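Below is one structure, written out as C-alpha cells; comments come after it.
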Amino acid sequence: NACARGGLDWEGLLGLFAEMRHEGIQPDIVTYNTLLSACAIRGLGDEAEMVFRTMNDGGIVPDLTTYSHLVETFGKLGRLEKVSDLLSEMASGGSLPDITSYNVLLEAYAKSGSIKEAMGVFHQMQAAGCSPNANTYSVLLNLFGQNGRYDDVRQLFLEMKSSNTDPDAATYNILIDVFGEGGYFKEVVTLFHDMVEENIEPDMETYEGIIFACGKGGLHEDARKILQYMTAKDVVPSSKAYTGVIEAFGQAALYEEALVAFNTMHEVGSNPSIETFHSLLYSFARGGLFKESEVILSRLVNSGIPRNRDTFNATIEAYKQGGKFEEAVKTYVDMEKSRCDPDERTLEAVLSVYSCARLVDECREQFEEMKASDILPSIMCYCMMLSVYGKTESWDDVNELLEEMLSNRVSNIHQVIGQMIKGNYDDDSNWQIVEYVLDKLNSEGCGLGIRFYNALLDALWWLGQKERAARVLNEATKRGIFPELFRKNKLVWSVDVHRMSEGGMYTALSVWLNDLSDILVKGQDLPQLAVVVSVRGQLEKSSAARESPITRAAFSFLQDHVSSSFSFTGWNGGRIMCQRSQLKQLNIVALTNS
Amino acid sequence: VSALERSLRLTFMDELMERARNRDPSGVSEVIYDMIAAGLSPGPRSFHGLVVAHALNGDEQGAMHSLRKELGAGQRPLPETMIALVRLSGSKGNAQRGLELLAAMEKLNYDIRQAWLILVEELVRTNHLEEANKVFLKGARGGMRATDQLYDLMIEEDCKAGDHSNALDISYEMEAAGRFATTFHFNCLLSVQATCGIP
C-alpha cells in the first residue's frame, strides 16, 4: 500500500506479489484485493480477469472487495457483462458465489440503467440456487421505478412476497416513494394497510412518506389516522410529518383542522419549517383568505424568513380570490422592486387577476410575453384567455385562440381540451379521450386539479357552453376535486363557492338550484336551511364579506333566477340563506350550449 | 340575536346533543360543520357535546383533539367540559394528563377542588392506587381539603395494600386540614403495623 499510494507502475505490484508467493508464506486475499484495486484505478479489464482467474485456481474464497473491484474495473470500460461470465465460470468450478457479489453487480447495472442486463443477472442468481435477499429486491424496485415501469414493480413486489421472503421496511419506503411520485396515493395508503398486518414496525421515513402522499392527494382522513397511529405508539411526529397533515386539510378546505395541527406542532416541539408556512399560504390562497395570509406574512418577517417567490405567488392568489384586485397588482408591483425572479406560475397568477377584472388589452400584453420567451403557456392560461374574450363577447379572438389549441403538435393536453370545448368530443366513445387527459392530470394531486378545473369552467361558462360546464364539474367532483362543494342532510343544504372562479361558481349554483327543485317536486322532506357559502374565513364577522365580489355575484345571480327567495343573514356576512318555509314557495336555471 | 337565529340554534343543538348522548362523535362533528355552513358560530356548549361524545366512547385522543378545536376556535371550555376530560383521564390511568387538565382549569380560573376529587376516585376505582396517591398528596399538600368519604377511601385502600407510608402521610394531611382521625383510621394503620415484627 506504500507503492500503490506512491504511484508505482502496475507490474511492480504484480511483480512484488510474485515475490510474496515464492517466500513460502501463504498469501492472502488482501494482496489480491490490492491486485484488483489498482486495476480498477487504471481501468485494466483483462488484467483483472487473469488476477481473478488465478485466485479461482488458488482455492481461496473471494470477499466482497474482490467483486467490488471487478465491478468497478469492468464498468469503467463498460464491459460489465464479462463479470457475469466470471461468475458463471466459478459456478462450474464448485465455488458458489455469494449474494453480496450479485447485489453489487445489480447495483452498478442499476446505475448504468440496464434493465435487461439486471433481468439476466437476476435469472442467473435463480439458477445458482441461492435465495435473493431484501437488498436485491430493493435495487430492482428502485431501478424499475426510475424508468417508469410501475407495472413491473407491482409484479416484482408480488413475486418476492410469494417467494417466502418477508420484505423489509426499506422495501416499503421504496414502494411508497415510487407510487407517491407516480400519483398512486390510494395505493400508498393500501401499502401501509398491508404492511401493518405483516407485523412490521414503520419508522420516521415511512410516516413522512405516507403523509406527503395524503397531503399531495388531499386525503385528510388517511392523514389523520397516520397521526393517531403515531401518537398511539408514543411516537412524536416530525415537523415535516405535520406539514403533510396541514397540507391535506387545506386541500379539503378544512381550515379548522389545519390550524389545529399547526397549533399542535408547537405543543410537541416540532416547530414549523419554511415549507409549513407555504402549506398554509397556498391553503389560504385558494379560499381568498388574505386576512389569514397577512397573518403568516406578518409572522414570516419576525420569524427571520425572507419573502421568497412562492410567498409572493400565494399573496397574489389570495388577494385575487378575495376580490382585492388593487392590492393584487401592488404585490406584483412591489415584487419587482425587491428583485426576485417571477416564475411561470407568477405570470399565471397575475394573468388571472387581469382576466378576472375584464382587462382584454392587459391580458393580451401578458399572454404574448408568455410565449415571447418560448415557454408554451399551460392550458390554464389558455382557458383564462377564452374567459376574457368571452366576457367581452370578442368572438373574433376566441376563434383565433381556439385554432392555436387545435393543432398544438407539441402538447396533447391543449389539443384534447381545446377540441372538447368546441363540442367535438361530446360523444359516448369520444368522451373517453377527454377522460384520459383528466386521469393523467389527476396525478399532481388536488392542488393542480383545482386550478385546472377553475379555469376550464370559467372559459366554458363565458363561451356559452353552460351544459358542457355542468358535465365538466360533474367530472371533477367524482375525482375528489371540490370536496366541500355540496352538503345535503336534514339540517343544511349548502353549496360552497369560496374556492371557485366566477364561471365555476355560476355552474355550481346552476346545478345546485336545479337539484333543489327536484326534492321540492317529490316528497323528499326538506332541509331546515339552504345556504350559499361565498365567504369562508375571518372576513365573515364583518361588513366587508357581504361586499365581496363573490358574495355580490352569487346574490345577483340568485336574484334574477329565483326572484327574492335567497336573502342575506344577519349573523354572518358571507352567507346567503333560504328558510325552510320559503323553500316551499320556490329546471330553475337553463343549461344550454351556445 | 334575532328570532331566526335562536330557532336555528335550538334545532342545531337538538341534533348535536342527541348524537353526543348517542355516543356518536362522528355525527357530532357533522352538525358542527352544518352550523359552520349556516354561518352559526359553535359556542362552548357545542364543543362540550363533541368532547362528551368522544369521552363516552373511551376515546382520550379524540376528546383531547376536540378540546384543541375548542381552544383553537377561541371558545372558553365549560367547567363541566374539563371535568369530563379529567374523569376520562383517570379512567385510563393517565394521571399526567389529568394533572395537566387540572392546571388548565386553574388557568381558566375555575374551581379545581371538585375536579381533583373526581380524578382521585377514578384512579382508585380503576386500580391505579399508586397514581391516585401521587395525585391526592399533591392536592392535599397544595391546600385542598378532600371529602371525608375520600379520606376514608384513601386510608383504607392503602392499608389493604400494605402501603403504610402513604396511609400515614394522608392521615397526617387529613388532620392538618381539620378532620381528626378516629378509631376507624387508626385500625387501618394498625392492620399493617401489627405485621412488621416490632411490637
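Chain A is the first sequence line, chain B the second, and so forth, proteins listed ahead of strands; every chain is numbered from 1. Any value given below was found using the heavy atoms of this structure, including those in side chains, with hydrogens, waters and symmetry copies removed.
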Side chains of A:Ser238 and A:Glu208: is there a donor and an acceptor less than 3.5 Å apart?
-> no
Starting at CD1 of A:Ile481, measure out to CG of A:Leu485 and round the result to the nearest 0.5 Å.
-> 11.5 Å
Residue A:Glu368 excluded, over 12 heavy atoms near CD under 6.0 Å | yes
Does A:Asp428 reach the main-chain N or O of A:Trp431 with its side chain, forming a donor-acceptor pair under 3.5 Å?
-> no
Presence of salt bridge, A:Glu49 and A:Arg53, under 4.0 angstrom = yes
Non-neighbouring partners of A:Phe277 that pass ring-ring contact (aromatic ring centres under 6.0 Å, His included), sequence neighbours left out = A:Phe262
Does the side chain of A:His414 pick up a donor-acceptor pair with the side chain of A:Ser411 at under 3.5 Å?
-> yes
Go through A:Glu201 and A:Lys233 one step at a time and tell me if the salt bridge (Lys or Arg N to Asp or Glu O under 4.0 Å) criterion holds.
-> CA-CA 10 Å; A:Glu201 313 82 33; A:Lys233 304 220 313 227; over 6 Å; no
Has the side chain of A:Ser101 got a donor or acceptor atom that lies under 3.5 Å from a matching backbone atom of A:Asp98?
-> yes
Is the backbone of A:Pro167 close enough, under 3.5 Å, to the side chain of A:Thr171 for a donor and an acceptor to pair up by distance?
-> no
Residues two or more places apart in sequence or in another chain: which of them pass ring-ring contact (aromatic ring centres under 6.0 Å, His included) with A:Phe367?
-> A:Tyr382
Do A:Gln415 and A:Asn408 have side-chain atoms, one donor and one acceptor, less than 3.5 Å apart?
-> no
With sequence neighbours excluded, what pairs up with A:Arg471 under the salt bridge (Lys or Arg N to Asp or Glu O under 4.0 Å) test?
-> A:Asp426
Taking A:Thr65 for its side chain and A:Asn33 for its backbone only, find out whether a donor-acceptor pair lies under 3.5 Å.
-> no
For A:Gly217 and A:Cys446 the tightest heavy-atom approach is O-SG, 3.2 Å
Side chains of A:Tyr282 and A:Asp310: is there a donor and an acceptor less than 3.5 Å apart?
-> yes
Spatial distance of atom CZ (A:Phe157) from atom OH (A:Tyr172) [nearest 0.5 Å] | 6.0 Å
Any chance CD of A:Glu181 has more than 12 other-residue heavy atoms, nucleotides or ligands included, within less than 6.0 Å?
-> no
Taking the six-membered ring of A:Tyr184 as reference, does the NZ or CZ atom of A:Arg154 fall below 6.0 Å from its centre and within a 45° cone about the axis?
-> yes
Does atom CG of A:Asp439 have more than 12 heavy-atom neighbours, drawn from other residues, nucleotides or ligands, at distances under 6.0 Å?
-> yes
Those residues at least two apart in sequence (or on a different chain) that pass ring-ring contact (aromatic ring centres under 6.0 Å, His included) with A:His278 are none
Atom CG of A:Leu456 and atom CG of A:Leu460: how far apart are they, to the nearest 0.5 Å?
-> 4.5 Å
Side chains of A:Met265 and A:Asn271: closer than 4.5 Å at any heavy-atom pair?
-> no
Charged N-O contact under 4.0 Å between A:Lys186 and A:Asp222 | no
Give a yes or no on whether the backbone of A:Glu89 and the side-chain of A:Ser92 come within a donor-acceptor separation of less than 3.5 Å.
-> yes
Look only at the side chain of A:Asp458 and the backbone of A:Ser387, and say whether a donor-acceptor pair between them is shorter than 3.5 Å.
-> no
Is there a side-chain contact between A:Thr165 and A:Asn133, using heavy atoms and a 4.5 Å cut-off?
-> no
Step by step, would you call A:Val268 with A:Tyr242 a side-chain contact (heavy atoms from CB on, under 4.5 Å)?
-> CA-CA 10 Å; A:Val268 296; A:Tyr242 272 100; 3.8 Å; yes
Enter the distance from A:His193:NE2 to A:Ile210:CD1 here, rounded to the nearest 0.5 Å.
-> 9.5 Å
State, without any angle test, whether A:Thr276 and A:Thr243 hold a side-chain donor-acceptor pair at a distance under 3.5 Å.
-> yes
Start with the C-alpha distance between A:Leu141 and A:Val178, add both sets of side-chain angles, then the distance that settles side-chain contact (heavy atoms from CB on, under 4.5 Å), and finish with yes or no.
-> CA-CA 9 Å; A:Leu141 294 152; A:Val178 59; over 6 Å; no
Would you check if the side chain of A:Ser162 reaches a backbone N or O of A:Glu159 as a donor-acceptor pair within less than 3.5 Å?
-> no
So does A:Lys76 have more than 12 non-hydrogen atoms from other groups sitting under 6.0 Å from NZ?
-> yes
Are A:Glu404 and A:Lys371 close enough for a salt bridge, meaning some N to O gap below 4.0 Å?
-> yes
OG1-CG distance between A:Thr136 and A:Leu156, expressed to the nearest 0.5 angstrom | 10.5 Å
Taking 4.0 angstrom as the limit, do A:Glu348 and A:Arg451 come out as a salt bridge?
-> yes
Of the non-hydrogen atoms in A:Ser239 and A:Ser273, which two are nearest, and what is the gap between them?
-> OG-N, 3.8 Å
Crowded around A:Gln126 CD? As in, over 12 foreign heavy atoms under 6.0 Å?
-> yes
Salt-bridge test for A:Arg345 and A:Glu317: reply yes if a basic N is under 4.0 Å from a carboxylate O, no otherwise.
-> yes
Atom NZ in A:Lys161, atom CG in A:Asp166: separation rounded to 0.5 Å?
-> 9.0 Å
Do A:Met230 and A:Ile226 have side-chain heavy atoms sitting under 4.5 Å apart?
-> yes
Has A:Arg79 got more than 12 heavy atoms of other residues, nucleotides or ligands less than 6.0 Å from its CZ?
-> no
Above 12 or not: heavy atoms from other molecules or residues under 6.0 Å from CD of A:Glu197?
-> yes
Side-chain donor-acceptor pair present, A:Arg286, A:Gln251, cut-off under 3.5 Å = yes
Give a yes or no answer on whether the side chain of A:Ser355 reaches the backbone of A:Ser352 with a donor-acceptor pair at less than 3.5 Å.
-> no
Checking A:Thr315 side chain against A:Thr311 main chain: does a donor-acceptor pair fall under 3.5 Å?
-> yes
Look only at the side chain of A:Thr206 and the backbone of A:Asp203, and say whether a donor-acceptor pair between them is shorter than 3.5 Å.
-> yes
Taking only residues two or more places apart in sequence, or in another chain, which ones meet A:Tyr255 in a ring-ring contact (aromatic ring centres under 6.0 Å, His included)?
-> A:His498
Contacts satisfying ring pair (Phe, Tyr, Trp, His ring centres under 6.0 Å) that involve residues 195-232 of chain A (not counting sequence neighbours) are A:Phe192-A:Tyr229
Determine, for A:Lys478 against A:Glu435, whether the closest basic-nitrogen to carboxylate-oxygen distance falls under 4.0 angstrom.
-> no
Does the side chain of A:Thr346 pick up a donor-acceptor pair with the side chain of A:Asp343 at under 3.5 Å?
-> yes
